[PDB]
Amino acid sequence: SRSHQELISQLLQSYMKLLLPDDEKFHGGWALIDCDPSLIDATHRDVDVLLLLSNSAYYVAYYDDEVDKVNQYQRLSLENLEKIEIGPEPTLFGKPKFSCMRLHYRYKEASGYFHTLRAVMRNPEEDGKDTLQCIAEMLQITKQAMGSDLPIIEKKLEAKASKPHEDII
């Protein structure tokens, strides 16, 4: 009775209804990599990051390095997204290799909390800046529909780690 299309369709419906609250509607989603240098071990390893955008919130979810699972998750209201900075990666040595985007957010009435992300670039000689500008512009345009401005600022990224990230529902 039920066809492949009907099954994959019903799966899509159910999962838009499970991921987001009833009042929220999907706008955009991007696969990204964590750009902040972590304080763990030597071997350089890409941390997958998922950024999802609705009409009223943006979602940041971090993936475990080796296995397929989510280590850290956050639903963040758009009003608390203060500013976006886009510029050369804050490496601890060498020339910056690519661009990263830093999303600065308000948490428990405080600043110093930020996510620094870059796009998955399969071409080594590709900057990645265009992709991040596009993402920032959609975050901006969406926040503006709520009635609030969001500055997108081009500048060199400060080599600093943002206040410990806590999980948020």
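One rule holds for the numbers: they count along the sequence shown, beginning at 1.
Comparing the deposited coordinates for 25 to 33 and 97 to 105, the stretch with the larger average C-alpha B-factor is 97 to 105. Higher mean CA B-factor, judged across 137 to 145 and 123 to 131 from the recorded values: 123 to 131.
Of the candidates 53, 117, 110, 60, the deposited coordinates give 110 the top C-alpha B factor. Annotation for residue 42: CA B-factor lies in the highest third of the chain's modelled residues.
Residue-level temperature factors show residue 152 in the lowest third of its chain, judged at the C-alpha atom. Residue-level temperature factors show residue 49 in the lowest third of its chain, judged at the C-alpha atom.
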